[PDB]
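Please read the structure below before turning to the comments.
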Amino acid sequence: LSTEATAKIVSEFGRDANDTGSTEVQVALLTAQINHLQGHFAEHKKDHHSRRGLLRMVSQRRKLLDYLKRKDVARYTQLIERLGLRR
Amino acid sequence: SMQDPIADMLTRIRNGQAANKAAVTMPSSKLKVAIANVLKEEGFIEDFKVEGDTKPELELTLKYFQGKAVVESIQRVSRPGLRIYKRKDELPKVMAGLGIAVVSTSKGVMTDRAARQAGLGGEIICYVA
RNA sequence: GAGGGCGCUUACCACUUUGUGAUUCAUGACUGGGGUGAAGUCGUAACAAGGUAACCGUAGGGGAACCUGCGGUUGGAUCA
RNA sequence: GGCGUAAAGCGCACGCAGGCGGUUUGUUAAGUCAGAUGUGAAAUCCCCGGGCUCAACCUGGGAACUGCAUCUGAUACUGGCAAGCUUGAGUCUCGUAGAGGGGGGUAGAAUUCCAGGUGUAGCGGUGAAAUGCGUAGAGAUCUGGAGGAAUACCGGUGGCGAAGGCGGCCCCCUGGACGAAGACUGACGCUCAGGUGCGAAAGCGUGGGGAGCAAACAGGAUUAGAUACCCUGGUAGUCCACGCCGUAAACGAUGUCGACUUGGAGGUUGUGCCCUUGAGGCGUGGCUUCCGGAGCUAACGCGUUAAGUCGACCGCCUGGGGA
RNA sequence: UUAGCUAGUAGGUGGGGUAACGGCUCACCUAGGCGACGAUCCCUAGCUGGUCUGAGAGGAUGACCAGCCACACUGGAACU
RNA sequence: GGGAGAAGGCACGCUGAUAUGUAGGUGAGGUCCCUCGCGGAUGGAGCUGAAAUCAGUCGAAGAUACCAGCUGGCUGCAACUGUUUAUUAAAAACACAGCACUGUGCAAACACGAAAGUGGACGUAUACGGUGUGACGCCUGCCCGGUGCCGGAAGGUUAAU
Ligand SMILES: [Mg+2]
Ligand SMILES: [Mg+2]
Ligand SMILES: [Mg+2]
Ligand SMILES: [Mg+2]
Ligand SMILES: [Mg+2]
Ligand SMILES: [Mg+2]
Ligand SMILES: [Mg+2]
Ligand SMILES: [Mg+2]
Ligand SMILES: [Mg+2]
Ligand SMILES: [Mg+2]
Ligand SMILES: [Mg+2]
Ligand SMILES: [Mg+2]
Ligand SMILES: [Mg+2]
Ligand SMILES: [Mg+2]
Ligand SMILES: [Mg+2]
Ligand SMILES: [Mg+2]
Ligand SMILES: [Mg+2]
Ligand SMILES: [Mg+2]
Ligand SMILES: [Mg+2]
Ligand SMILES: [Mg+2]
Ligand SMILES: [Mg+2]
Ligand SMILES: [Mg+2]
Ligand SMILES: [Mg+2]
Ligand SMILES: [Mg+2]
Ligand SMILES: [Mg+2]
Ligand SMILES: [Mg+2]
Ligand SMILES: [Mg+2]
Ligand SMILES: [Mg+2]
Ligand SMILES: [Mg+2]
Ligand SMILES: [Mg+2]
Ligand SMILES: [Mg+2]
Ligand SMILES: [Mg+2]
Ligand SMILES: [Mg+2]
Ligand SMILES: [Mg+2]
Ligand SMILES: [Mg+2]
Ligand SMILES: [Mg+2]
Ligand SMILES: [Mg+2]
Ligand SMILES: [Mg+2]
Ligand SMILES: [Mg+2]
Ligand SMILES: [Mg+2]
Ligand SMILES: [Mg+2]
Ligand SMILES: [Mg+2]
Ligand SMILES: [Mg+2]
Ligand SMILES: [Mg+2]
Ligand SMILES: [Mg+2]
Ligand SMILES: [Mg+2]
Ligand SMILES: [Mg+2]
Ligand SMILES: [Mg+2]
Ligand SMILES: [Mg+2]
Ligand SMILES: [Mg+2]
Ligand SMILES: [Mg+2]
Ligand SMILES: [Mg+2]
Ligand SMILES: [Mg+2]
């Protein structure tokens, strides 16, 4: 992804606006790339070698978001509402 | 991954002895300090030494006699897949008295001979034969 | 007079009856294959480079071993 | 007990439940251990003993009755719970390498077909021939087309991908890996029954295309016969888009992850330093092929990418056929 | 090579009943409960202290003896 | 999707209670607003009104009359709904969606007409005519000697001129 977009992402979700490694930040970067890449997998439908990378991104987002749900329930609920994931 | 730090320690001792090392090294921990303390007490290593401020490296200096290794065999008993907790009459006696068996009892970690002389069982971590 | 008994009746329920499945055993002309048999008939596919290297999958064919197509494997032989 | 070759590692990955879980402190004390209490009917089994003259048998006392529950403790391990760490796992910054995937263009060589010119009697074929193509002028040959497919040399046990696989060049979209100094989150980890996704070729459906090649089929031979090899043709199919099938000697006949253990030879792709003092030299990573040590192994052989020493989780085998 | 099962079924409130709690039995309501830690279904079986074997962990089994359960020609029902 | 209304069985009248007519439907008043009228909210009188459960009772028989499936099993033929021999044949015949072959490049092929023209079509190869077959599943094997049809114009024979 582009450097201005990731700088936007860490500025809108960051702890100290430098850290780039927090769980909210990693889920925000993952969801930005997933909702950008759905447009690729709507026009190219036989693109399985990148569809696997999308499935990796999905599973990794789900692992981080489950760790957030175990860690802070209030932070997880406000984060899933701020992003716009369903569950 | 590192699903058994104690078997990492024991496998490092067995490998270093069977491959003729002198000073083997591993990352430290409290149970590793206790087991290496038992081994230095009974005489299966020369001396151990834990060096490092935040995360340390535990170093074991292996013994030898006429070139051959000192620990003949060493194995796990209570692996994490299947733990072995033993009462006091059902304690082992490895190598008919010669070898030692390390037991964690309520009074810290101690050789099974001391566990029999203190009258309580525990968990058998290893069979240093 | 109360109350009782018998009797009638309703409720429940067994034997019995019909209808229709499910499972299991027996049996059934004929048939798909399998196994064993006395010097039976037709071949000779495999083991050596087994005389077309075999084999795996799949499809077609053919008296039968099998043959050929497409892809794969070395568990294939010769290296002056 | 076992899984390279004897029967046995799912084709490969994702992943819910489940199983296991780095390290420091504090608490709890569930698992664990220890004492006591209740209890484990008696008979039997066992240890000492008594009797039937001996034994079998009868019988006294005892432990055992490997358990269950309750009370009381202990706190090393495991668990819960609460706070921390940073090595595990991951994110950012900047590049490098790549036939990784998907879509669209395009280039030349060659084969075939057509059209036209030359020019004449052979072409094609195998072991040797023939069917076939030829006096309607072929094969050879020069020009102009048209068409479809595959990409010579690079090209190398080279690279990339999880596996299948991927090979001219260009663009668009895109995944992954790896390296460097930093920074950051702070156990977020590993494996995974069922479940899902990808999965060569052949095959099927719908619709296109159709040059080569080519199962089926026809003809020619060889043959004892030859439903085969060999020859001349030749339709499916190969190809493009959508789907379906889910199989292979899907092979490294070696599940994944992680740790430790003598070396050498190369290749590949970074990167640090040193005077790159010329096409050097001193190290650290990742990936990869060959030889080989102890170890192991039934032997062959594998051998820091293990079939060595181990740990976690999963799959599978129990004589050959029948199958 | 049995993945769905269950309508008094899971629970509630009220009534009745029982030596006694309880859907034990009814009225009404809620729509539940059981299930891959194997429900439901099929086949076999009395269970246990023990006995035989085994070095032991186990495997097989339940004769006599002793405890418990069930049945008394088959299927029911109640009385004392 | 179907089979299927498979088969097979139970309840069915009147009266009383729940409820002196229930749930539901309709909404008069009345009250408040009211962008003021054929306006809108609680408001439910009156009117209508199933259907169910419990109890009673009658008859031999409660859908009591009229109207109102015979059901099941195996199989042939045809996929089906359709159409025909008006007036002895309604089918297993005809059609049919689908399949294939073939013709046709548009002033189409083809037909009706000496001809103009028109249908084809105010359509343009995913269209139209003709032919055979008759959904869907598995399939369609061998022969070009005969008769056709298509390609050849080198040669033999060949008309008017
Ligand atoms: Mg990532
Ligand atoms: Mg042979
Ligand atoms: Mg031969
Ligand atoms: Mg052969
Ligand atoms: Mg052969
Ligand atoms: Mg061979
Ligand atoms: Mg053939
Ligand atoms: Mg074995
Ligand atoms: Mg074999
Ligand atoms: Mg094998
Ligand atoms: Mg494998
Ligand atoms: Mg995995
Ligand atoms: Mg732990
Ligand atoms: Mg406790
Ligand atoms: Mg007893
Ligand atoms: Mg005696
Ligand atoms: Mg604890
Ligand atoms: Mg740091
Ligand atoms: Mg931190
Ligand atoms: Mg699975
Ligand atoms: Mg294919
Ligand atoms: Mg096809
Ligand atoms: Mg076919
Ligand atoms: Mg086709
Ligand atoms: Mg062709
Ligand atoms: Mg297989
Ligand atoms: Mg392969
Ligand atoms: Mg291979
Ligand atoms: Mg295999
Ligand atoms: Mg071994
Ligand atoms: Mg080697
Ligand atoms: Mg191993
Ligand atoms: Mg082996
Ligand atoms: Mg009650
Ligand atoms: Mg009561
Ligand atoms: Mg034994
Ligand atoms: Mg009785
Ligand atoms: Mg009786
Ligand atoms: Mg007949
Ligand atoms: Mg009909
Ligand atoms: Mg009809
Ligand atoms: Mg008509
Ligand atoms: Mg008629
Ligand atoms: Mg008519
Ligand atoms: Mg008629
Ligand atoms: Mg016209
Ligand atoms: Mg017909
Ligand atoms: Mg017909
Ligand atoms: Mg035919
Ligand atoms: Mg003909
Ligand atoms: Mg002819
Ligand atoms: Mg023909
Ligand atoms: Mg002609």
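Chain labels run A, B, ... following the order of the structure tokens; each chain numbers its residues from 1, and ligands are numbered from 1 in the order shown.
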
Protein and nucleic residues near ligand 44, 9 Å, only C-alpha atoms (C1' of nucleotides) and all ligand atoms, as number ranges by chain: F: 83-84, 86

Residues from last step as file, C-alpha atoms (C1' of nucleotides), as a PDB file, in the first residue's frame:
ATOM      1  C1'   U F  83     -54.381 -31.426 -32.801  1.00  0.00           C
ATOM      2  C1'   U F  84     -56.954 -34.742 -36.335  1.00  0.00           C
ATOM      3  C1'   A F  86     -67.288 -32.325 -39.156  1.00  0.00           C
TER       4        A F  86
END

Sel. of strand (DSSP E) residues, chain B, as a compact mmCIF listing (two decimals) with C-alpha atoms, in the first residue's frame:
# COMPACT_ATOMS: atom_id res chain seq x y z
CA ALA B 23 30.47 -25.53 27.88
CA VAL B 24 26.90 -25.80 26.65
CA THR B 25 24.50 -22.86 26.81
CA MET B 26 20.73 -22.30 26.86
CA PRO B 27 18.30 -19.51 27.75
CA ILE B 45 27.95 -31.42 35.60
CA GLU B 46 31.03 -29.60 36.81
CA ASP B 47 29.42 -26.24 37.47
CA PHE B 48 26.54 -24.16 36.11
CA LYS B 49 26.45 -20.41 35.76
CA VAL B 50 23.64 -18.05 34.84
CA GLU B 51 24.88 -14.85 33.18
CA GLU B 57 22.02 -17.53 29.41
CA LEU B 58 22.52 -20.57 31.64
CA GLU B 59 25.84 -22.30 30.98
CA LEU B 60 26.62 -25.89 31.94
CA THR B 61 30.19 -27.21 32.10
CA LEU B 62 30.08 -30.92 31.34
CA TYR B 64 34.12 -36.35 31.63
CA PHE B 65 35.85 -39.51 32.80
CA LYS B 68 33.64 -40.99 27.77
CA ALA B 69 30.53 -39.09 28.83
CA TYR B 85 2.45 -37.34 39.00
CA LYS B 86 3.57 -40.08 41.38
CA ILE B 100 18.90 -40.22 40.02
CA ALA B 101 15.39 -38.99 39.30
CA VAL B 102 14.52 -35.33 39.69
CA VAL B 103 11.19 -34.70 41.43
CA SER B 104 9.48 -31.38 42.05
CA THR B 105 7.84 -31.72 45.47
CA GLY B 108 11.21 -27.17 45.95
CA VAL B 109 13.06 -29.39 43.49
CA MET B 110 15.05 -32.32 44.84
CA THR B 111 16.44 -35.73 43.92
CA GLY B 122 5.55 -34.90 43.37
CA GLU B 123 6.23 -34.72 39.65
CA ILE B 124 9.07 -36.59 37.94
CA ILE B 125 10.83 -34.25 35.56
CA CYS B 126 13.74 -36.42 34.44
CA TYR B 127 15.59 -39.73 34.81
CA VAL B 128 19.28 -38.84 34.86

Please identify every polymer residue within 12 Å of ligand 23, using only C-alpha atoms (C1' of nucleotides) and all ligand atoms, and present the set as a list in words.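 Based on only C-alpha atoms (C1' of nucleotides) and all ligand atoms, ligand 23 is surrounded within 12 Å by residues 59 and 60 of chain C; 202, 203, 204, 205, 215, 216, 236 and 237 of chain D; 138, 139 and 140 of chain F.
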
At a cut-off of 10 Å and counting only C-alpha atoms (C1' of nucleotides) and all ligand atoms, what residues surround ligand 40? Please answer as a list in words.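 Counting only C-alpha atoms (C1' of nucleotides) and all ligand atoms, the residues within 10 Å of ligand 40 come out as residues 77, 78, 79, 80, 81, 82, 91 and 92 of chain F.
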
Which residues are near ligand 24 - at most 9 Å, using only C-alpha atoms (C1' of nucleotides) and all ligand atoms? Format: as a PDB file with C-alpha atoms (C1' of nucleotides), in the first residue's frame.
ATOM      1  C1'   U D 206     -22.526 -24.811 -23.438  1.00  0.00           C
ATOM      2  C1'   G D 207     -20.604 -21.774 -27.203  1.00  0.00           C
ATOM      3  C1'   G D 208     -16.399 -20.423 -30.320  1.00  0.00           C
TER       4        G D 208
END

For the structure I just gave you, how does DSSP split chain A - specifically, which residues are alpha helix (DSSP H)? Reply as an MDAnalysis selection string. chainID A and resid 3:13 23:37 40:43 48:71 73:83

Mind checking which residues fall within 9 Å of residue 57 in chain A, counting only C-alpha atoms (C1' of nucleotides), ignoring those fewer than 6 positions away in the same chain, and posting them as JSON, numbers by chain? {"A": [30, 31, 33, 34]}

Output the contact residues of chain B with respect to chain D at a cut-off of 10 Å, based on only C-alpha atoms (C1' of nucleotides), as an NGL selection string. :B and (1-21 or 24 or 26-31 or 34 or 54-55 or 75-76 or 79-81 or 83-88 or 103-110 or 119-125)

One decimal, in Å: what's the spacing between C1' of residue 23 in chain F and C1' of residue 28 in chain E?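 Answer for the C1' of residue 23 in chain F to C1' of residue 28 in chain E separation: 18.1 Å.
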
List all protein, DNA and RNA residues that have an atom no more than 12 Å from any atom of ligand 47, counting only C-alpha atoms (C1' of nucleotides) and all ligand atoms, and report them as a ChimeraX atom specification. /F:78,92-96,132-134

Skipping near chain neighbours, those fewer than 3 positions away, what residues fall within 12 Å of residue 68 in chain A using only C-alpha atoms (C1' of nucleotides), listed as a ChimeraX atom specification? /A:22-27,61-65,71-80 /D:185,188

I'd like the contact shell of range 282-285 of chain D - 9 Å cut-off, only C-alpha atoms (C1' of nucleotides), skipping same-chain residues fewer than 5 positions apart - returned as number ranges by chain. D: 178-179, 270-274

Give me, please, the distance in Å between atom 1 (Mg, counted along the ligand's line) of ligand 41 and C1' of residue 131 in chain F, quoted to one decimal.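 So the answer is 28.1 Å.
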
Quote the spacing between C1' of residue 198 in chain D and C1' of residue 239 in chain D in Å to one decimal place. 23.2 Å
